[PDB]
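Asker: Going by my numbering, the first residue of the sequence shown is number 526, and it counts up by one from there. For every residue, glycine included, the Cβ atom is placed at its ideal position computed from N, Cα and C.
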Amino acid sequence: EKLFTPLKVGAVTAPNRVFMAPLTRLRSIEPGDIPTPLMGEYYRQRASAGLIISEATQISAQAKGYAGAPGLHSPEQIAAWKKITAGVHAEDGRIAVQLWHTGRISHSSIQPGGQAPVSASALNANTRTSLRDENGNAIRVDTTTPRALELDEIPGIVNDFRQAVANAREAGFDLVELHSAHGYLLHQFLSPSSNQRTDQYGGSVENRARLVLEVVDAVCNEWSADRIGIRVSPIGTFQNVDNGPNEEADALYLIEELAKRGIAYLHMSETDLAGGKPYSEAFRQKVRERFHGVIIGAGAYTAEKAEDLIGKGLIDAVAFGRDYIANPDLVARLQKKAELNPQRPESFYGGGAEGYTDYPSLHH
Ligand SMILES: Cc1cc2nc3c(=O)[nH]c(=O)nc-3n(C[C@H](O)[C@H](O)[C@H](O)COP(=O)(O)O)c2cc1C
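1) When every heavy atom of ligand 1 is checked, does at least one fall within less than 7 Å of the C-beta of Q623?
2) Kindly indicate which residue of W748, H626 and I609 has the alpha-carbon position closest to the one of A691.
3) From which residue to which residue does the beta strand (DSSP E) around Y874 run?
4) Touch check for the segment 790-803 and the segment 581-590: three-plus C-beta pairs under 8 Å?
5) Mind checking who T762 pairs with in its DSSP beta bridge?
6) Cβ of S794 versus every heavy atom of ligand 1: is any distance shorter than 7 Å?
7) Which residues in the same chain as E526 place their Cβ atom closer than 7 Å to its Cβ, once the five residues preceding and following it in sequence are excluded?
8) So residue 898 is in the beta strand (DSSP E); what residue range does that whole segment cover?
9) Just how far apart, CA to CA, sit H626 and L710?
10) Could you tell me whether the segment 840-850 touches the segment 806-824, using the rule of 3 or more Cβ pairs below 8 Å?
11) Report back the beta-carbon spacing between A645 and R722 to the nearest angstrom; my notes put them in contact at under 8 Å.
12) Per DSSP, which one or two residues make a beta bridge with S655?
13) Please identify the residue among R786, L887 and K862 whose C-alpha is closest to the C-alpha of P853.
14) Thinking C-beta only, is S634 closer than 8 Å to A594?
15) Taking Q623 as the reference, which of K830, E829, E795 and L791 has the closest Cα?
16) Between the alpha carbons of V730 and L715, how many angstroms are there, rounded?
17) Would you check whether ligand 1 has a heavy atom nearer than 7 Å to the C-beta of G824?
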C-alpha cells in the first residue's frame, strides 16, 4: 500500500493519497452566496483526507452559474470561509479552494443585472444548470445563451482570478485549484467546440490556452506557484464540451506549458459520471514526461485502481467524489478495508443536513 503514505503537494504535506474531490453541494446562503456553519461541519468531518478540495467557488459575482454555490469575492464570504478553514485546521487537515467562473453554464436570472452570462463565444451550452425555486429547493433550468467576451474584458477575468486567490490566502486555504475542467469558462476557451474566436484567444491551441495560462501566471505571481493546482478534463466530452479533434496533442501542449510555471499539482478528471474510454498507460506516461509536480487522478476510481496506478508511478494521489460524500472517514475505511456507507444521490444537491452531515463514521 502506497495510498496511506505521505506526499508533498506544493507548500503542504499530505499524510496520505486519499483526497476529497471538489463537490458542488449547493447549500450556501442566498442572498450573498455565503458559506455556512453546516458546510463547516461537513468539511471538518472529512479533515482526515490527505487533502480536501472544496466545492467549486465563484471568483466573482459574474462567475455564478448555480444557485447555492459559494463565492470567495465578498467580505462576508471571506469571513465565512475563514471559519471553515479554521475548523479543518483544528482537526489537522489541509484544504484547497476550487475556484471557477461558470461562463455559459449559467442563467441570466442569477447574473448581475439579470443579463446573459459570458463565454468565449455566443453559443448556448445546451444543458441545464441548478437554480432554486421560491421555497429554496434545487431545480434544473436550461442554460442561457451567452455573450462573447470583448477582448477588453479579458484582463478583468484574469484579475478576478488573481483577486480570488488573494482572498483564498487570507481565508486560510492551504492551496487553490483552478477549475479548468468540465465545460466551465476556462474550458470553454480551451475547447474548439465552444471557442470560435478570431482574436488571439481563439484558433490555434496556443491561442485557446492563452487565457488559462494568463490566469496561472497571475495567480502564481499573486501568491506562489507551490500554492496553485489546476483541474483539467482534457480527454473526452464533458457537459457537451468536447476537446476537439486533436485532444491528446492539445492536452500535452497545455501540460508542457503548465510545467514551466512549477505549479503544485495537475488534477485530471478522466471521465464524467456517465463514463468514457479510460486513459491509456501510454498517455499517462506522456503526461508524466511533461509535468514535474503532483498528479491527481479522478473519475470512478476504486482504492484498487488507485493503488495500481500509484504503484506503477503514473499518478501520485486519487480524488474520490461520491465515496467522500458518503464516508467522512473514507481514509480509515479504506485503510481497514471496512464497508462503506450507502450513497443517497437524491441529496447530493441542495437541501440541508440530511444527506450532507448525517453519514456516520465507523465509530461514534
Ligand atoms: C455531486 C457532485 C458534485 C460535483 N462537483 C464538482 C465540482 O464542484 N468541481 C469539479 O471539478 N468536479 C465536481 N464533480 C466531480 C467530482 O470532483 C469527481 O471528479 C467525481 O465525483 C469523481 O468520481 P467518483 O464520484 O466516482 O469518485 C462533482 C461530482 C458530484 C457527484
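Answerer: So, from the listed chains and residues:
1) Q623 Cβ: within cutoff of ligand 1.
2) Here the closest residue by C-alpha is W748.
3) First-last for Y874: undefined, no H or E at that position.
4) Not touching, per the Cβ criterion.
5) According to DSSP, which records beta bridges pairwise, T762 is partnered with nothing at all.
6) Answer for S794: yes, Cβ within range of ligand 1.
7) Cβ-Cβ distances below 7 Å link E526 to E832 in the same chain, with the five nearest sequence neighbours on each side left out; the list follows chain order.
8) Given a span of 526 to 889 for the chain in the structure shown, any question on residue 898 remains unanswerable.
9) Between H626 and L710, the C-alpha separation is close to 5 Å.
10) Yes, the segment 840-850 is in contact with the segment 806-824.
11) Yes, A645 and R722 are in contact; Cβ-Cβ is about 6 Å, under 8 Å.
12) Answer is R665.
13) Checking every option, the nearest Cα to that of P853 belongs to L887.
14) For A594 and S634, no; Cβs fall outside 8 Å.
15) The option with the nearest alpha carbon to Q623 is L791.
16) A straight line joining the alpha-carbon of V730 with that of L715 spans about 8 Å.
17) At least one heavy atom of ligand 1 sits closer than 7 Å to the Cβ of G824.
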